2 protein chains.
Amino acid sequence: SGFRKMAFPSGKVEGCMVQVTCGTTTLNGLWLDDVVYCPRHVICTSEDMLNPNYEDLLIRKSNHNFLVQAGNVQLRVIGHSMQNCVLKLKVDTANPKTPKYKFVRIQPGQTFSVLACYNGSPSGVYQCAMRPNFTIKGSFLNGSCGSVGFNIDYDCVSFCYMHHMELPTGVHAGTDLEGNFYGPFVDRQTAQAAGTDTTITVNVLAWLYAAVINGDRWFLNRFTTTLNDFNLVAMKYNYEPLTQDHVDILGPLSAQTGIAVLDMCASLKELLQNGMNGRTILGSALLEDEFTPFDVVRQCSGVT
Amino acid sequence: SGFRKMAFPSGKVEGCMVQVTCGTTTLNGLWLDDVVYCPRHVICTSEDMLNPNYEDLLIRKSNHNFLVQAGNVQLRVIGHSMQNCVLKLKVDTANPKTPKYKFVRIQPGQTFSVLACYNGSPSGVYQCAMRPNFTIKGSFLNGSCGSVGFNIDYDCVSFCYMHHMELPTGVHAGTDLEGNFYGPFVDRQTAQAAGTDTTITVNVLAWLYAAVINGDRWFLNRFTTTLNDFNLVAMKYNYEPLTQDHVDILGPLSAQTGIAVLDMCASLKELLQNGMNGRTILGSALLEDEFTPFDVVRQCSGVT
Ligand SMILES: *CC(=O)N(c1ccccc1)[C@H]1C=CS(=O)(=O)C1
Ligand SMILES: *CC(=O)N(c1ccccc1)[C@H]1C=CS(=O)(=O)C1
């Protein structure tokens, strides 16, 4: 019993974290097979970052300008290419610690673990979601760029995020591992505001299901609702609209707890309209939206 | 910027997690050098757990009754001893992945990362504190025992906790790695209630310092207080009394933010007496007490 905000073990990803230096700039890189992936702004000064032309800046760079250090041993760079907003550095040695891995572009609402790294040395690990405004609420200082987001399916590391920007509001933007940014963000120090940070309605329902299971049941009510009725309340409270797809995904938890998805929606509705009244659900004073249905099932069944 | 509940990388500890089977019982073990550490209740059925005499139960066991599996390779057991509430299984092979390590008995209020394991396979990792009632608020199912708590100082893993019991209230009890339980708990399925779960006042102040730094400042006030005055409020609200030692420890954060420890105490006092008024500090609707002063400094300076 007990429900915690829980990250995948980072061991498999600690073994891929290297230091990438280009001139004065030193951020983190991901060494998989004979390729090291890092943010392309490694080639930039903080002065370049106001309006960089990466194609032009890159012409001036050579294989030998990119210094890749894995622990206290340097890797020889035998090729470099720009894909979108990441560089791919081909090294002469394949990473002996390369796990099974895929690159996956995640959807908003999806969760992943982040290994925070400075100088290719991991500092800590926490769990995150891709917000519906394509930001993430991270913890990232200077030198934390090229830190990666991942999920783990038994032995296979699916990489979903590489860290790039901190918006003036202190929320975080970044790319998949094909270097395509999540949302309309660009590796440029410009006016970049995030849209409405809406609550991930399905994840809140999952997390309510997790509470019931883990003993916290005060918030169960006699009422039910419809999708259309519940959504009018969701809209008002800047909650993501709930679809039949979201309901289907909550079926397992529905079945396990024998509480209908729409009964639990009616529970949430009342929590939105009436608040918590100074009470707590799973040691939290607000409605947590960074646990997927899949995250609850996993933690409540104990998958390794 | 941004402040997250952050665990140490678990890589160094993933490499010490093995499966320990004795008869039908299979929990997790910690393989360091040529010794595998596990909870002594591995020798028990769930029927033994009502009133076990471990000395007597252990006489019936031999080196060959203890089956230790590291991945898909079995380790040969050449000796076994009981220390307090843990078994130490001497194996013929030393763990090639043994990091630098110490065993440390932590104090209440101190934080540590937990790698949750089932069948010696890590499932996830989260950050915890030793509560002032010598419980921890974990996430642990059946087979999660012998999961370990640790801190990491650069390369040295200090192990502070091995998981043993879930109290009828769904909070968790366990030992240091010398097998001595935190608090008055015993590896016996008996009436065991936790005492008053008080709030770790120093950690709340640290976490308030973390907020100020990270942009959240609404809760700063014009008022200051004394230690004796603040403590009368702490007592009322079941908060741990603040000492000159706690103040001294908050000096670095005091100095960095140029907010006096007693000014910040006056800030907290008002939050206790007036609540948050539907507002949030670092994305949390209540006062978080599972970040040490040291945890804030580390995350706000980016130690690896
Ligand atoms: C993204 C990041 O953390 N860094 C950065 C800053 C400007 C341009 C590229 C990368 C830091 C990486 C190391 S640093 O101290 O040079 C700045
Ligand atoms: C502590 C724990 O998780 N387990 C346990 C239960 C009873 C006695 C000793 C250990 C589980 C370990 C594997 S299990 O399924 O046999 C029970």
# chains A, B, ... in the order shown; residues from 1 in each chain; ligands from 1
$ residues_around --residues "residue 21 (chain B)" --least-positions-apart "2" --cutoff "6 Å" --atoms "only C-alpha atoms" --output "PyMOL selection string"
chain B and resi 25-26+66-67
$ write_last_selection --atoms "C-alpha atoms" --output "JSON list (two decimals), in the first residue's frame"
[["chain", "number", "residue", "atom", "x", "y", "z"],
["B", 25, "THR", "CA", 9.11, -16.75, 0.72],
["B", 26, "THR", "CA", 10.93, -14.65, -2.00],
["B", 66, "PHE", "CA", 18.93, -19.66, 0.79],
["B", 67, "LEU", "CA", 18.58, -19.30, -3.05]]
$ select_by_dssp --residues "region 54-303 of chain A" --states "alpha helix (DSSP H)" --output "compact mmCIF listing (two decimals) with N, CA, C and O atoms, in the first residue's frame"
# COMPACT_ATOMS: atom_id res chain seq x y z
N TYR A 54 21.72 28.35 -37.16
CA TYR A 54 22.47 27.12 -36.79
C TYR A 54 23.26 26.61 -37.99
O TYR A 54 24.43 26.25 -37.82
N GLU A 55 22.65 26.58 -39.18
CA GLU A 55 23.33 26.13 -40.43
C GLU A 55 24.67 26.86 -40.59
O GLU A 55 25.69 26.18 -40.82
N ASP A 56 24.67 28.19 -40.43
CA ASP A 56 25.85 29.06 -40.65
C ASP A 56 26.88 28.82 -39.54
O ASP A 56 28.06 28.62 -39.88
N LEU A 57 26.45 28.83 -38.28
CA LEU A 57 27.28 28.56 -37.07
C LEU A 57 27.97 27.20 -37.19
O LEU A 57 29.08 27.04 -36.65
N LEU A 58 27.31 26.23 -37.83
CA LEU A 58 27.76 24.82 -37.88
C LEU A 58 28.87 24.68 -38.92
O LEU A 58 29.81 23.91 -38.66
N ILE A 59 28.79 25.40 -40.04
CA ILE A 59 29.86 25.43 -41.10
C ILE A 59 31.23 25.62 -40.42
O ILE A 59 32.16 24.91 -40.82
N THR A 201 -7.33 15.75 -17.09
CA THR A 201 -8.56 15.20 -16.47
C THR A 201 -8.43 13.68 -16.26
O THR A 201 -8.70 13.23 -15.13
N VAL A 202 -8.02 12.93 -17.28
CA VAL A 202 -7.93 11.43 -17.22
C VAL A 202 -6.98 11.01 -16.10
O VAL A 202 -7.33 10.08 -15.33
N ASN A 203 -5.82 11.69 -15.99
CA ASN A 203 -4.76 11.38 -15.00
C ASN A 203 -5.28 11.66 -13.58
O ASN A 203 -4.93 10.90 -12.66
N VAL A 204 -6.08 12.71 -13.41
CA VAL A 204 -6.71 13.05 -12.10
C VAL A 204 -7.65 11.90 -11.69
O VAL A 204 -7.63 11.51 -10.51
N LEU A 205 -8.43 11.37 -12.64
CA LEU A 205 -9.38 10.25 -12.40
C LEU A 205 -8.61 8.98 -12.05
O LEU A 205 -8.98 8.32 -11.05
N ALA A 206 -7.56 8.67 -12.82
CA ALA A 206 -6.60 7.58 -12.52
C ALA A 206 -6.12 7.73 -11.07
O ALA A 206 -6.22 6.75 -10.31
N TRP A 207 -5.66 8.92 -10.70
CA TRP A 207 -5.09 9.23 -9.37
C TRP A 207 -6.17 9.17 -8.28
O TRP A 207 -5.85 8.86 -7.11
N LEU A 208 -7.43 9.46 -8.64
CA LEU A 208 -8.56 9.28 -7.70
C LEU A 208 -8.78 7.78 -7.49
O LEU A 208 -8.90 7.37 -6.32
N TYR A 209 -8.74 6.99 -8.56
CA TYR A 209 -8.80 5.51 -8.51
C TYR A 209 -7.68 4.97 -7.60
O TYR A 209 -7.94 4.04 -6.82
N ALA A 210 -6.47 5.52 -7.71
CA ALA A 210 -5.29 5.13 -6.91
C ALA A 210 -5.56 5.40 -5.43
O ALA A 210 -5.08 4.61 -4.58
N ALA A 211 -6.28 6.48 -5.12
CA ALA A 211 -6.58 6.91 -3.74
C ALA A 211 -7.51 5.87 -3.10
O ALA A 211 -7.13 5.27 -2.08
N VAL A 212 -8.68 5.67 -3.71
CA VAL A 212 -9.70 4.66 -3.30
C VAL A 212 -8.96 3.37 -2.93
O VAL A 212 -9.09 2.92 -1.78
N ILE A 213 -8.18 2.83 -3.86
CA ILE A 213 -7.40 1.57 -3.70
C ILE A 213 -6.55 1.68 -2.43
O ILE A 213 -6.52 0.70 -1.66
N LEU A 227 -20.80 12.31 -19.75
CA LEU A 227 -19.58 12.91 -20.36
C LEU A 227 -19.86 14.38 -20.67
O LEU A 227 -19.04 15.21 -20.25
N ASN A 228 -20.96 14.67 -21.36
CA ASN A 228 -21.34 16.05 -21.78
C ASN A 228 -21.53 16.93 -20.54
O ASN A 228 -20.95 18.03 -20.51
N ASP A 229 -22.25 16.45 -19.51
CA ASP A 229 -22.46 17.21 -18.25
C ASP A 229 -21.12 17.47 -17.56
O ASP A 229 -20.85 18.64 -17.22
N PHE A 230 -20.32 16.43 -17.33
CA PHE A 230 -19.02 16.53 -16.63
C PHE A 230 -18.11 17.55 -17.34
O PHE A 230 -17.39 18.29 -16.66
N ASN A 231 -18.16 17.58 -18.68
CA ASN A 231 -17.26 18.38 -19.55
C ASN A 231 -17.55 19.88 -19.38
O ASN A 231 -16.58 20.66 -19.45
N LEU A 232 -18.81 20.27 -19.19
CA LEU A 232 -19.24 21.67 -18.91
C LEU A 232 -18.53 22.18 -17.65
O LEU A 232 -18.21 23.39 -17.59
N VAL A 233 -18.32 21.29 -16.68
CA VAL A 233 -17.63 21.58 -15.39
C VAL A 233 -16.12 21.61 -15.65
O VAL A 233 -15.45 22.52 -15.14
N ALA A 234 -15.61 20.66 -16.43
CA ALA A 234 -14.19 20.58 -16.83
C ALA A 234 -13.77 21.88 -17.52
O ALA A 234 -12.77 22.48 -17.10
N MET A 235 -14.53 22.30 -18.54
CA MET A 235 -14.33 23.57 -19.29
C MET A 235 -14.15 24.73 -18.30
O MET A 235 -13.12 25.41 -18.36
N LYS A 236 -15.14 24.93 -17.43
CA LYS A 236 -15.17 26.01 -16.42
C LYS A 236 -13.84 26.03 -15.65
O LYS A 236 -13.29 27.12 -15.46
N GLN A 244 -14.48 9.27 -24.82
CA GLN A 244 -14.81 7.84 -24.64
C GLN A 244 -13.51 7.04 -24.56
O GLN A 244 -13.50 6.00 -23.87
N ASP A 245 -12.47 7.51 -25.27
CA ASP A 245 -11.11 6.92 -25.26
C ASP A 245 -10.56 6.96 -23.82
O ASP A 245 -10.07 5.91 -23.36
N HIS A 246 -10.66 8.11 -23.15
CA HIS A 246 -10.22 8.30 -21.74
C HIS A 246 -10.96 7.31 -20.83
O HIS A 246 -10.30 6.73 -19.95
N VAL A 247 -12.27 7.15 -21.04
CA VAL A 247 -13.14 6.24 -20.25
C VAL A 247 -12.63 4.81 -20.43
O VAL A 247 -12.30 4.17 -19.41
N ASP A 248 -12.52 4.36 -21.68
CA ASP A 248 -12.01 3.01 -22.06
C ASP A 248 -10.70 2.74 -21.32
O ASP A 248 -10.54 1.62 -20.79
N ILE A 249 -9.80 3.72 -21.28
CA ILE A 249 -8.44 3.58 -20.67
C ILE A 249 -8.59 3.41 -19.15
O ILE A 249 -7.72 2.75 -18.55
N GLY A 251 -11.04 1.78 -17.71
CA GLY A 251 -11.82 0.54 -17.54
C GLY A 251 -11.18 -0.42 -16.55
O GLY A 251 -11.85 -0.88 -15.63
N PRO A 252 -9.89 -0.79 -16.71
CA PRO A 252 -9.20 -1.65 -15.75
C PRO A 252 -9.36 -1.19 -14.29
O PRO A 252 -9.75 -2.01 -13.46
N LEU A 253 -9.07 0.08 -14.00
CA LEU A 253 -9.22 0.69 -12.65
C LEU A 253 -10.70 0.65 -12.26
O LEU A 253 -11.00 0.27 -11.11
N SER A 254 -11.59 1.03 -13.18
CA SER A 254 -13.06 0.92 -13.01
C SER A 254 -13.41 -0.47 -12.48
O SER A 254 -14.03 -0.55 -11.40
N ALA A 255 -12.97 -1.51 -13.19
CA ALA A 255 -13.26 -2.95 -12.94
C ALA A 255 -12.66 -3.39 -11.60
O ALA A 255 -13.36 -4.10 -10.83
N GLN A 256 -11.41 -3.02 -11.34
CA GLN A 256 -10.66 -3.42 -10.13
C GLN A 256 -11.37 -2.86 -8.89
O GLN A 256 -11.58 -3.63 -7.93
N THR A 257 -11.73 -1.57 -8.92
CA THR A 257 -12.33 -0.83 -7.78
C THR A 257 -13.86 -0.93 -7.80
O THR A 257 -14.47 -0.47 -6.82
N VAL A 261 -16.63 4.78 -14.16
CA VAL A 261 -15.80 5.95 -14.58
C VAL A 261 -16.62 7.24 -14.40
O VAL A 261 -16.04 8.24 -13.95
N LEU A 262 -17.92 7.20 -14.71
CA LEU A 262 -18.82 8.38 -14.65
C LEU A 262 -19.21 8.69 -13.20
O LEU A 262 -19.38 9.88 -12.89
N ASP A 263 -19.31 7.68 -12.34
CA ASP A 263 -19.48 7.88 -10.88
C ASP A 263 -18.27 8.63 -10.32
O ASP A 263 -18.45 9.56 -9.51
N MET A 264 -17.06 8.22 -10.74
CA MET A 264 -15.79 8.84 -10.29
C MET A 264 -15.71 10.26 -10.85
O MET A 264 -15.17 11.13 -10.15
N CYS A 265 -16.21 10.49 -12.07
CA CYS A 265 -16.29 11.83 -12.71
C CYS A 265 -17.15 12.75 -11.83
O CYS A 265 -16.76 13.92 -11.61
N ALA A 266 -18.30 12.24 -11.37
CA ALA A 266 -19.22 12.96 -10.46
C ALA A 266 -18.49 13.28 -9.14
O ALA A 266 -18.73 14.38 -8.60
N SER A 267 -17.65 12.37 -8.66
CA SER A 267 -16.78 12.59 -7.47
C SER A 267 -15.89 13.81 -7.73
O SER A 267 -15.90 14.74 -6.90
N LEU A 268 -15.18 13.82 -8.86
CA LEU A 268 -14.25 14.90 -9.28
C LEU A 268 -15.03 16.22 -9.38
O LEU A 268 -14.65 17.18 -8.69
N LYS A 269 -16.08 16.25 -10.20
CA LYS A 269 -17.01 17.40 -10.35
C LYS A 269 -17.20 18.10 -8.99
O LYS A 269 -16.92 19.31 -8.90
N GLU A 270 -17.64 17.36 -7.97
CA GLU A 270 -17.92 17.91 -6.62
C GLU A 270 -16.63 18.50 -6.02
O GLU A 270 -16.74 19.57 -5.38
N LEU A 271 -15.48 17.85 -6.22
CA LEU A 271 -14.17 18.32 -5.70
C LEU A 271 -13.80 19.64 -6.39
O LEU A 271 -13.25 20.52 -5.71
N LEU A 272 -14.14 19.79 -7.67
CA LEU A 272 -13.87 21.03 -8.44
C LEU A 272 -14.77 22.15 -7.92
O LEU A 272 -14.24 23.28 -7.73
N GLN A 273 -16.05 21.85 -7.70
CA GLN A 273 -17.10 22.84 -7.33
C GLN A 273 -17.02 23.20 -5.84
O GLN A 273 -17.43 24.32 -5.50
N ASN A 274 -16.52 22.29 -4.99
CA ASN A 274 -16.57 22.42 -3.51
C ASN A 274 -15.16 22.46 -2.91
O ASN A 274 -15.06 22.75 -1.71
N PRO A 293 -3.26 6.55 -16.08
CA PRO A 293 -3.91 5.28 -15.78
C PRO A 293 -2.89 4.14 -15.71
O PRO A 293 -2.88 3.41 -14.74
N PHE A 294 -2.02 4.06 -16.73
CA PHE A 294 -0.91 3.08 -16.86
C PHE A 294 0.08 3.23 -15.70
O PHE A 294 0.63 2.20 -15.25
N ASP A 295 0.33 4.45 -15.22
CA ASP A 295 1.25 4.72 -14.08
C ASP A 295 0.65 4.17 -12.79
O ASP A 295 1.42 3.69 -11.95
N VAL A 296 -0.67 4.28 -12.62
CA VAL A 296 -1.40 3.77 -11.42
C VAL A 296 -1.38 2.23 -11.45
O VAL A 296 -0.91 1.65 -10.46
N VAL A 297 -1.84 1.62 -12.54
CA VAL A 297 -1.86 0.13 -12.72
C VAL A 297 -0.47 -0.42 -12.38
O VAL A 297 -0.40 -1.34 -11.55
N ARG A 298 0.59 0.12 -13.00
CA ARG A 298 2.00 -0.30 -12.79
C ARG A 298 2.33 -0.28 -11.30
O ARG A 298 2.77 -1.32 -10.78
N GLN A 299 2.14 0.86 -10.63
CA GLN A 299 2.58 1.08 -9.23
C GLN A 299 1.70 0.27 -8.27
O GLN A 299 2.22 -0.13 -7.21
N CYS A 300 0.43 0.05 -8.63
CA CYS A 300 -0.57 -0.67 -7.79
C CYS A 300 -0.49 -2.19 -8.02
O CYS A 300 -1.11 -2.92 -7.23
N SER A 301 0.23 -2.66 -9.06
CA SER A 301 0.43 -4.10 -9.37
C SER A 301 1.91 -4.50 -9.23
O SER A 301 2.17 -5.70 -9.04
$ interface_residues --of "chain B" --to "chain A" --cutoff "9 Å" --atoms "only C-alpha atoms" --output "mmCIF file with N, CA and C atoms, in the first residue's frame"
data_model
loop_
_atom_site.group_PDB
_atom_site.id
_atom_site.type_symbol
_atom_site.label_atom_id
_atom_site.label_comp_id
_atom_site.auth_asym_id
_atom_site.auth_seq_id
_atom_site.Cartn_x
_atom_site.Cartn_y
_atom_site.Cartn_z
ATOM 1 N N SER B 1 15.956 26.857 -12.970
ATOM 2 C CA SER B 1 14.828 27.138 -12.030
ATOM 3 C C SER B 1 13.872 25.937 -11.996
ATOM 4 N N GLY B 2 12.807 26.046 -11.201
ATOM 5 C CA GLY B 2 11.873 24.947 -10.906
ATOM 6 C C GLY B 2 12.408 24.083 -9.781
ATOM 7 N N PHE B 3 11.533 23.646 -8.870
ATOM 8 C CA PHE B 3 11.879 22.775 -7.717
ATOM 9 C C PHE B 3 10.965 21.545 -7.728
ATOM 10 N N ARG B 4 11.575 20.352 -7.721
ATOM 11 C CA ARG B 4 10.910 19.032 -7.889
ATOM 12 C C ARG B 4 11.298 18.116 -6.728
ATOM 13 N N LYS B 5 10.407 17.202 -6.322
ATOM 14 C CA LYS B 5 10.764 16.081 -5.408
ATOM 15 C C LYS B 5 11.624 15.087 -6.201
ATOM 16 N N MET B 6 12.905 15.011 -5.842
ATOM 17 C CA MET B 6 13.996 14.460 -6.681
ATOM 18 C C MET B 6 14.739 13.392 -5.882
ATOM 19 N N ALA B 7 14.918 12.212 -6.477
ATOM 20 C CA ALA B 7 15.638 11.060 -5.889
ATOM 21 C C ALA B 7 17.036 10.984 -6.500
ATOM 22 N N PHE B 8 18.009 10.450 -5.759
ATOM 23 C CA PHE B 8 19.360 10.129 -6.286
ATOM 24 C C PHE B 8 19.206 9.160 -7.450
ATOM 25 N N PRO B 9 20.136 9.175 -8.429
ATOM 26 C CA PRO B 9 20.157 8.142 -9.463
ATOM 27 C C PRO B 9 20.326 6.780 -8.772
ATOM 28 N N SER B 10 19.598 5.754 -9.225
ATOM 29 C CA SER B 10 19.503 4.418 -8.574
ATOM 30 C C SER B 10 20.443 3.409 -9.241
ATOM 31 N N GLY B 11 21.085 3.791 -10.349
ATOM 32 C CA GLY B 11 22.061 2.950 -11.069
ATOM 33 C C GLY B 11 22.950 2.188 -10.107
ATOM 34 N N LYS B 12 23.677 2.894 -9.239
ATOM 35 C CA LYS B 12 24.666 2.308 -8.297
ATOM 36 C C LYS B 12 24.005 1.252 -7.396
ATOM 37 N N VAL B 13 22.704 1.398 -7.111
ATOM 38 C CA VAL B 13 21.943 0.511 -6.180
ATOM 39 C C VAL B 13 21.217 -0.585 -6.979
ATOM 40 N N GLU B 14 20.827 -0.326 -8.232
ATOM 41 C CA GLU B 14 20.233 -1.348 -9.137
ATOM 42 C C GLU B 14 21.202 -2.527 -9.282
ATOM 43 N N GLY B 15 22.508 -2.237 -9.292
ATOM 44 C CA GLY B 15 23.589 -3.226 -9.448
ATOM 45 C C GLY B 15 23.836 -4.056 -8.198
ATOM 46 N N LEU B 115 14.727 2.686 -3.875
ATOM 47 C CA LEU B 115 14.521 1.853 -5.084
ATOM 48 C C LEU B 115 13.576 0.703 -4.720
ATOM 49 N N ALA B 116 12.319 0.800 -5.148
ATOM 50 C CA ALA B 116 11.298 -0.254 -4.964
ATOM 51 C C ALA B 116 11.670 -1.427 -5.872
ATOM 52 N N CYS B 117 11.752 -2.629 -5.296
ATOM 53 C CA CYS B 117 12.155 -3.879 -5.984
ATOM 54 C C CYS B 117 11.164 -5.001 -5.674
ATOM 55 N N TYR B 118 10.829 -5.797 -6.688
ATOM 56 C CA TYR B 118 10.065 -7.063 -6.559
ATOM 57 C C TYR B 118 10.852 -8.151 -7.289
ATOM 58 N N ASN B 119 11.187 -9.232 -6.575
ATOM 59 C CA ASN B 119 12.027 -10.354 -7.076
ATOM 60 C C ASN B 119 13.411 -9.819 -7.472
ATOM 61 N N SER B 121 14.270 -7.191 -8.857
ATOM 62 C CA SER B 121 14.165 -6.357 -10.081
ATOM 63 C C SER B 121 13.569 -5.010 -9.701
ATOM 64 N N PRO B 122 14.320 -3.898 -9.864
ATOM 65 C CA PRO B 122 13.820 -2.563 -9.532
ATOM 66 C C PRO B 122 12.607 -2.166 -10.382
ATOM 67 N N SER B 123 11.572 -1.586 -9.769
ATOM 68 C CA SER B 123 10.304 -1.182 -10.439
ATOM 69 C C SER B 123 10.254 0.343 -10.617
ATOM 70 N N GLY B 124 10.693 1.088 -9.601
ATOM 71 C CA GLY B 124 10.713 2.560 -9.618
ATOM 72 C C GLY B 124 11.502 3.122 -8.454
ATOM 73 N N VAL B 125 11.688 4.446 -8.430
ATOM 74 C CA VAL B 125 12.482 5.167 -7.392
ATOM 75 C C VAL B 125 11.781 6.485 -7.034
ATOM 76 N N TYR B 126 11.714 6.769 -5.734
ATOM 77 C CA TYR B 126 11.068 7.965 -5.141
ATOM 78 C C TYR B 126 11.901 8.432 -3.949
ATOM 79 N N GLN B 127 11.659 9.666 -3.505
ATOM 80 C CA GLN B 127 12.367 10.326 -2.376
ATOM 81 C C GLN B 127 11.465 10.249 -1.138
ATOM 82 N N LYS B 137 6.528 7.244 4.701
ATOM 83 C CA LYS B 137 5.329 7.190 3.830
ATOM 84 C C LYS B 137 5.791 6.732 2.446
ATOM 85 N N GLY B 138 5.855 5.413 2.245
ATOM 86 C CA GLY B 138 6.387 4.782 1.023
ATOM 87 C C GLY B 138 5.287 4.374 0.058
ATOM 88 N N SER B 139 5.678 3.651 -0.994
ATOM 89 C CA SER B 139 4.818 2.812 -1.867
ATOM 90 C C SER B 139 5.448 1.418 -1.938
ATOM 91 N N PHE B 140 4.824 0.422 -1.297
ATOM 92 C CA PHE B 140 5.383 -0.945 -1.126
ATOM 93 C C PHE B 140 4.268 -1.993 -1.150
ATOM 94 N N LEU B 141 4.294 -2.910 -2.126
ATOM 95 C CA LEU B 141 3.395 -4.098 -2.207
ATOM 96 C C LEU B 141 4.138 -5.317 -1.635
ATOM 97 N N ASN B 142 3.510 -6.498 -1.714
ATOM 98 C CA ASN B 142 4.107 -7.808 -1.331
ATOM 99 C C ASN B 142 5.287 -8.120 -2.258
ATOM 100 N N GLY B 143 6.459 -8.406 -1.677
ATOM 101 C CA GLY B 143 7.675 -8.771 -2.433
ATOM 102 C C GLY B 143 8.620 -7.593 -2.492
ATOM 103 N N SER B 144 8.207 -6.467 -1.899
ATOM 104 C CA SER B 144 8.942 -5.178 -1.884
ATOM 105 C C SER B 144 9.943 -5.083 -0.727
ATOM 106 N N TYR B 154 28.695 12.097 -4.029
ATOM 107 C CA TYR B 154 29.471 11.968 -5.294
ATOM 108 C C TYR B 154 29.389 10.522 -5.806
ATOM 109 N N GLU B 166 4.681 -3.153 6.786
ATOM 110 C CA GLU B 166 3.653 -2.134 6.462
ATOM 111 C C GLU B 166 2.700 -2.166 7.665
ATOM 112 N N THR B 169 -2.038 0.894 9.189
ATOM 113 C CA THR B 169 -2.412 2.248 8.682
ATOM 114 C C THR B 169 -1.823 2.509 7.289
ATOM 115 N N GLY B 170 -1.079 1.551 6.729
ATOM 116 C CA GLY B 170 -0.469 1.643 5.387
ATOM 117 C C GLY B 170 0.717 2.596 5.339
ATOM 118 N N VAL B 171 1.368 2.834 6.482
ATOM 119 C CA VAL B 171 2.715 3.470 6.568
ATOM 120 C C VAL B 171 3.701 2.330 6.792
ATOM 121 N N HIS B 172 4.996 2.610 6.654
ATOM 122 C CA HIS B 172 6.054 1.593 6.441
ATOM 123 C C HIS B 172 7.100 1.688 7.550
ATOM 124 N N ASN B 214 12.936 30.210 -6.135
ATOM 125 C CA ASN B 214 12.325 29.698 -7.390
ATOM 126 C C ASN B 214 11.153 30.578 -7.841
ATOM 127 N N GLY B 215 10.940 31.728 -7.194
ATOM 128 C CA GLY B 215 10.036 32.782 -7.690
ATOM 129 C C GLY B 215 8.779 32.992 -6.857
ATOM 130 N N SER B 284 2.481 22.998 -4.858
ATOM 131 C CA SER B 284 1.968 22.202 -3.714
ATOM 132 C C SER B 284 0.995 23.054 -2.890
ATOM 133 N N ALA B 285 -0.132 22.460 -2.476
ATOM 134 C CA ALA B 285 -1.247 23.130 -1.765
ATOM 135 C C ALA B 285 -1.072 23.003 -0.245
ATOM 136 N N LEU B 286 -0.044 22.286 0.218
ATOM 137 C CA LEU B 286 0.306 22.205 1.663
ATOM 138 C C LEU B 286 1.812 22.407 1.838
ATOM 139 N N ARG B 298 21.638 21.427 -2.530
ATOM 140 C CA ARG B 298 22.050 20.474 -3.596
ATOM 141 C C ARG B 298 21.283 20.778 -4.889
ATOM 142 N N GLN B 299 19.951 20.791 -4.833
ATOM 143 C CA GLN B 299 19.070 20.897 -6.027
ATOM 144 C C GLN B 299 19.150 22.312 -6.608
ATOM 145 N N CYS B 300 19.381 23.320 -5.760
ATOM 146 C CA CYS B 300 19.433 24.758 -6.147
ATOM 147 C C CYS B 300 20.845 25.154 -6.618
ATOM 148 N N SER B 301 21.862 24.307 -6.407
ATOM 149 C CA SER B 301 23.268 24.531 -6.851
ATOM 150 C C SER B 301 23.699 23.486 -7.897
ATOM 151 N N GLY B 302 23.065 22.305 -7.927
ATOM 152 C CA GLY B 302 23.207 21.303 -9.005
ATOM 153 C C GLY B 302 24.411 20.390 -8.817
ATOM 154 N N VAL B 303 24.547 19.781 -7.632
ATOM 155 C CA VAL B 303 25.655 18.840 -7.274
ATOM 156 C C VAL B 303 25.425 17.512 -8.008
ATOM 157 N N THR B 304 26.505 16.885 -8.491
ATOM 158 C CA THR B 304 26.504 15.586 -9.219
ATOM 159 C C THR B 304 27.430 14.596 -8.500
#
$ residues_near_ligand --ligand "ligand 1" --cutoff "10 Å" --atoms "only C-alpha atoms and all ligand atoms" --output "ChimeraX atom specification"
/A:19-28,38-49,117-119,140-147,163-166,187-189
$ residues_around --residues "region 74-86 of chain B" --least-positions-apart "6" --cutoff "7 Å" --atoms "only C-alpha atoms" --output "count of residues only"
11
$ atom_distance --atom1 "CA of residue 130 (chain A)" --atom2 "CA of residue 282 (chain A)"
22.1 Å
$ decode --residues "region 19-33 of chain A" --atoms "C-alpha atoms" --output "tab-separated table (two decimals), in the first residue's frame"
chain	number	residue	atom	x	y	z
A	19	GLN	CA	29.69	15.71	-21.42
A	20	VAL	CA	29.59	17.62	-24.78
A	21	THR	CA	31.86	20.74	-25.04
A	22	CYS	CA	31.91	23.08	-28.12
A	23	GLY	CA	34.19	26.11	-27.55
A	24	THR	CA	33.12	27.49	-24.12
A	25	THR	CA	29.60	25.84	-24.04
A	26	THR	CA	29.47	22.46	-22.12
A	27	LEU	CA	26.08	20.59	-21.87
A	28	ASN	CA	25.00	16.89	-21.49
A	29	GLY	CA	24.84	14.33	-24.35
A	30	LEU	CA	23.19	10.89	-24.80
A	31	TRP	CA	25.62	8.14	-26.08
A	32	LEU	CA	23.61	5.29	-27.76
A	33	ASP	CA	25.57	2.81	-29.96
